Amino acid sequence: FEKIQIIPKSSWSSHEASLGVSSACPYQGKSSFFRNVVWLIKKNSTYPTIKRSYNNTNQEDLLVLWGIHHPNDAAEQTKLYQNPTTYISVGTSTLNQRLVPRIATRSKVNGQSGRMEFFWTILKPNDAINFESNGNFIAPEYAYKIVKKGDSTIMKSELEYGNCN
Amino acid sequence: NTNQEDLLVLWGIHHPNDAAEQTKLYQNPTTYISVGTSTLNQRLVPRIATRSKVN
Ligand SMILES: *[C@@H]1O[C@H](CO)[C@@H](O[C@@H]2O[C@H](CO)[C@@H](O)[C@H](O)[C@H]2NC(C)=O)[C@H](O)[C@H]1NC(C)=O
Ligand SMILES: *[C@H]1O[C@H](CO)[C@@H](O[C@@H]2O[C@H](CO)[C@@H](O)[C@H](O)[C@H]2NC(C)=O)[C@H](O)[C@H]1NC(C)=O
């Protein structure tokens, strides 16, 4: 198990990855966001269609995580992005999805009203994941190398480690 | 079902690689496939997305 750079924060030149946070996740007081997935915003006032991908040069197996930002209303659609209708599609040897963001009146939680649906699959050692997005999207920065053998579970306990065996 | 024994049917959907192959095979941009039975009730839209090649 180890963390890996798939596509850095730097590589998004056509889209604004810097100020992609909100009043919800405080790092050192100041407003932050999930440090392993980047939230994409329009540049100047136009949102280019993204179309990038990742072949797995690594020989260990890995998994990717991504998601969708669901807005509160059609007014917040045109504030963050410059699109009315949006599509996010992901493609791998196995996977085949086409996700549309849902717009609906919510209730407020931890500040922000709209939701954030995440997704995942495991990418084979010698295969490519392909993305395509019009907007309303949160792309991976980091992803994990997994070598799985055998299963267990999530034990629910209050205790802490006792340096034994 | 004129037959008196019970039966099952199979069908599916072709998902294209891009909007260019949409207009090559078929002459439609948006497409719908709907199936209806006493129980079943579905409306299937083909997903377009960049894939990897297999076979
Ligand atoms: C994933 O990345 C690598 C990029 O090099 C590909 O690996 C080789 O590609 C060659 C040339 O077409 C093929 O003979 C084999 O698939 C690999 N062979 C050797 C000798 O290295 C790989 O095909 C890419 N695959 C996908 C699905 O993206
Ligand atoms: C967004 O704003 C920028 C301003 O910096 C626009 O860029 C300029 O466009 C005008 C009209 O052609 C000219 O001053 C130059 O061609 C560009 N200026 C520079 C400094 O490069 C930009 O056109 C606007 N974006 C869009 C998509 O229209």
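Residues numbered from 1 in each chain as written, not as in the entry; some residues may be left out. Chains lettered and ligands numbered in written order. Part of a larger assembly, values for the part shown. Heavy atoms only, no water.

The name that the PDB entry assigns to chain B is Hemagglutinin HA1, with the source organism given as unidentified influenza virus. Looking at the PDB record, one finds the entry titled "The crystal structure of a broadly-reactive human anti-hemagglutinin stalk antibody (70-1F02) in complex with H5 hemagglutinin".

Going by what the PDB entry lists, chain A is known as Hemagglutinin HA1 and is assigned to unidentified influenza virus.

### With respect to the pattern of salt bridges
Residue and element names in this part refer to chain A. A full pass over the atoms with the stated rule returns 5 salt bridges over all chains. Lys 51 is paired through a salt bridge with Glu 132; the nearest N and O atoms lie 3.9 Å apart. Here the residue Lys 51 occupies a position in the loop between β4 (37-39) and β5 (53-55), and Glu 132 occupies one in strand β10 (residues 128-133), the gap between them amounting to 81 residues. One salt bridge connects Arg 102 with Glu 117, and the closest N-O pair in it is separated by 3.3 Å. Here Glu 117 lies in strand β9 (residues 116-123) and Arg 102 lies in the loop between β8 (96-99) and β9, a separation of 15 residues in the sequence. Overall, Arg 102 belongs to the partly exposed group, its relative accessible area being 48%. Since its relative accessible area comes to 33%, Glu 117 is described here as partly exposed. One connected set of salt bridges, linked through shared partners, spans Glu 2, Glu 60 and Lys 145. (Salt bridge = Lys/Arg side-chain N within 4 Å of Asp/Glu carboxyl O. Helix = DSSP H or I, 4+ residues; strand = E, 2+ residues; numbered from the N terminus. Buried < 20%, exposed > 50% of the residue type's maximum accessible area, 1.4 Å probe, protein only.)

### Some remarks on the packing of aromatic side chains
Residues and elements named next belong to chain A. Counted by the stated rule, this structure contains 7 aromatic pairs over all chains. Relative to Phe 34, the ring of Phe 33 lies with its centre 5.2 Å away and its plane at 75°, an arrangement referred to as edge-to-face. Members of the aromatic cluster, connected to one another through ring pairs, are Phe 33, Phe 34, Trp 39 and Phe 118. Between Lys 3 and the ring centre of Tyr 142, over which it is positioned, the NZ or CZ distance is 5.5 Å. One cation-aromatic arrangement involves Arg 52 over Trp 12; the distance from NZ or CZ to the ring centre is 4.5 Å. (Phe/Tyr/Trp six-rings, centres within 6.5 Å; stacked < 30°, edge-to-face > 60°. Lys NZ or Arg CZ within 6 Å of the ring centre and 35° of its normal.)

### A short note on empty space enclosed by the protein
Residues and elements named next belong to chain A. Tallied over the entire structure, the rule returns 1 cavity of 30 Å³ or more. Forming the boundary of the largest cavity are 13 residues, of which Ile 7, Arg 52, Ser 53, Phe 131 and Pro 140 lie nearest the centre. Sorting the residues of the lining of the largest cavity by element identifies β5, β10 and β11 (137-140) as the ones contributing at least two each. A per-element tally of the lining of the largest cavity places β11 first, with 3 residues. Residue composition of the lining of the largest cavity, by class: 11 nonpolar, 1 polar and 1 charged. (1 Å grid on protein atoms, 1.4 Å probe; cavity = no way out; pocket = protein on both sides within 12 Å on 5 of 7 lines; lining within 4 Å. Points joined across faces, edges and corners; volume = space filled by probe spheres on them. Nonpolar A, V, L, I, M, F, W, Y, C, P; charged D, E, K, R; others polar.)

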